[PDB]
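Going by this note's numbering, the first residue of the first sequence is number 317, and it counts up by one from there.
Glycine included, each C-beta is placed from N, C-alpha and C at the ideal position.
Heads up: the structure comes next, in structure tokens.
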Amino acid sequence: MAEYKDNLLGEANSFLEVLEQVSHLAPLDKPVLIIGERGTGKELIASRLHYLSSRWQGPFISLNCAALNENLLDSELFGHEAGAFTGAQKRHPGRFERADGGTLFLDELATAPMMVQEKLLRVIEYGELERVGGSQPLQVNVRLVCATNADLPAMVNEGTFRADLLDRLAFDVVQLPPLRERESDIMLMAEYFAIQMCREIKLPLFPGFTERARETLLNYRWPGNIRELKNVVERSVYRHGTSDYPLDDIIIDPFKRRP
DNA sequence: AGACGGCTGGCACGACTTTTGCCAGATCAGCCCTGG
Ligand SMILES: Nc1ncnc2c1ncn2[C@@H]1O[C@H](COP(=O)(O)OP(=O)(O)O)[C@@H](O)[C@H]1O
């Protein structure tokens, strides 16, 4: 293991609590699930669970759920023996078999085709899956790790998620807290971000914030979570222009009329 | 002398031949290293 200084700021305790939980599960072997609001740093957390385990070496496949072809996934997952079907001429490695020793990270697990929810089924349990047209079975020691943003309990009843394919993906959820909740955290990430954008309009230095911005932001409920401060804060800098004086007003929304 | 019929050959269009272009891989057996 190591440290891997990853740009993931904000004390707020809620962050400390999830990090403690996330850090504690780093040496595990059981699949975890991250439930959080869209754009709450879920990506960071996925990636936390690997570069912190006892295999910071293994591979690390992205595995989008809606990124799959679907018609031809029966070989995009396990993958195949060269010559299994017309056209085949070289063995191809399934994502799972890619990811042996490493860990898979299904982005947006909620949005997934029904067919893909069943196929996966046995790749998770035990570790038996043979390539399409394959002559023998094998093993896979790829720890599973995925995170969503849409709630899954409702989905299980709704039938969009197999009632049975739920006990088996999640052994633990790391459920991140909402932006508004952290409220300490505001200020800080703001400021880190300002200077962020400051590097890149070629400018010397960011004068700061007026009280007027203190109020604007804090009053604002942030329903876009981490990006709201970024999209909102970085956008303000463009409007701010000259660095001689500190900015006081930042618009909440790009949408609607300007006069 | 002018029109009609015959002849040949160029060109076109399907039905059909033929000619060129691929590029390993996995699997099995003997020998060397090591455990019993
Ligand atoms: N704790 C944090 N502090 C500062 N910025 C963050 C934090 N977590 C995420 N971000 C930034 O905000 C964006 C939110 O998107 P992302 O992290 O992908 O969330 P999700 O994966 O849930 O969609 C990211 O691009 C990331 O750079």
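Open item on the list: The beta strand (DSSP E) that contains residue 381, what's its start and end?
Closed with: First-last for residue 381: undefined, no H or E at that position.
Comparing alpha-carbon positions, which option in 536, 551, 488 lies nearest residue 516?
The candidate whose alpha carbon is nearest that of residue 516 is 551.
> Thinking C-beta only, is residue 449 closer than 8 angstroms to residue 401?
Replying inline: Their beta carbons are under 8 angstroms apart, which means residue 401 touches residue 449 by this criterion.
Q: Would you kindly check if the distance between the Cβ of residue 395 and the Cβ of residue 459 is under 8 angstroms?
A: Result no, Cβ atoms of residue 459 and residue 395 do not sit closer than 8 angstroms.
Along the chain, where does the alpha helix (DSSP H) containing residue 365 start, and where does it finish? Residue 365 -> no alpha helix (DSSP H), and no H or E assigned at all.
Going along the chain, which unbroken runs of the beta strand (DSSP E) with 3 or more residues stay wholly within the stretch 326–362?
List check, beta strand (DSSP E) in window: 348–351.
- Message: Taking the straight line between their C-alpha atoms, what separation do you get for residue 336 and residue 342?
- Response: Rounded to whole angstroms, residue 336 to residue 342 spans 10 angstroms at the Cα level.
Checklist entry - Between the C-alpha atoms of residue 567 and residue 357, what's the straight-line distance to the nearest angstrom? => result Each residue's alpha carbon lies about 23 angstroms from the other.
Rank 440, 403, 490, 536 by C-alpha distance to the C-alpha of residue 363 and give the top, closest one. Comparing C-alpha distances from residue 363 to each of 440, 403, 490, 536 shows the shortest one belongs to 490.
- Quick one: Cα of residue 530 to Cα of residue 381, how far? Cα to Cα, residue 530 sits roughly 39 angstroms from residue 381.
Give a single yes or no on whether residue 547 has its beta carbon closer than 7 angstroms to a heavy atom of ligand 1.
-> Between ligand 1 and the CB of residue 547, the shortest heavy atom gap is not smaller than 7 angstroms.
Q.
Can you look up residue 469 in the DSSP assignment and give me helix, strand or coil?
A. Here residue 469 carries a helix assignment [DSSP, helix/strand/coil].
Look at residue 414 and residue 440 and say whether their C-beta atoms are less than 8 angstroms apart. The Cβ-Cβ distance between residue 414 and residue 440 does not fall below 8 angstroms.
- CB of residue 496 to nearest heavy atom of ligand 1: below 7 angstroms? Between ligand 1 and the CB of residue 496, the shortest heavy atom gap is not smaller than 7 angstroms.
By Cβ distance, which residues of its chain are closer than 8 angstroms to residue 369, with the 5 residues on each side in sequence left out? Around residue 369, the same chain offers 317, 342, 343, 344, 419, 459 as residues with beta carbons nearer than 8 angstroms, after the five sequence neighbours per side are excluded.
Note to self: At a cut-off of 7 angstroms, would you count residue 329 as near ligand 1, judging by its Cβ distance to the nearest heavy atom?
What the structure shows: Checking the Cβ of residue 329 against ligand 1 gives no.
Distance between residue 548 and residue 445 (C-alpha atoms, nearest Å): Computed Cα separation, rounded: 47 angstroms.
Under the three-state DSSP convention, the category residue 488 falls into = For residue 488, the three-state secondary structure derived from DSSP is strand.
How do the stretch 476–494 and the stretch 503–514 stand: do at least 3 beta-carbon pairs fall below 8 angstroms, yes or no? Cβ pair count under 8 angstroms is below three, so no.
query: Is the beta carbon of residue 355 less than 8 angstroms from the beta carbon of residue 417?
result: 8 angstroms or more divides the Cβ of residue 355 from the Cβ of residue 417.
Alpha carbon of residue 545 to alpha carbon of residue 528, nearest angstrom
A straight line joining the alpha-carbon of residue 545 with that of residue 528 spans about 15 angstroms.
Checklist entry - Which of helix, strand or coil does DSSP assign to residue 463? => result DSSP, read as helix, strand or coil, puts residue 463 in strand.
Through-space distance from residue 392 to residue 383, alpha-carbon basis: The straight-line gap separating the alpha-carbon atoms of residue 383 and residue 392 is approximately 11 angstroms.
*May I ask you to report which of helix, strand or coil DSSP gives residue 532?*
Three-state result, residue 532: helix.
- Message: For residue 326, which residues in the same chain have their Cβ closer than 8 angstroms to its Cβ, ignoring the five residues on either side in sequence?
- Response: Here the set comprises 498, 500, 501, 504, 505.
Close-in-space but distant-in-sequence residues of the same chain around residue 480 (CB under 8 angstroms, 5 per side omitted):
Hits under 8 angstroms: none found.
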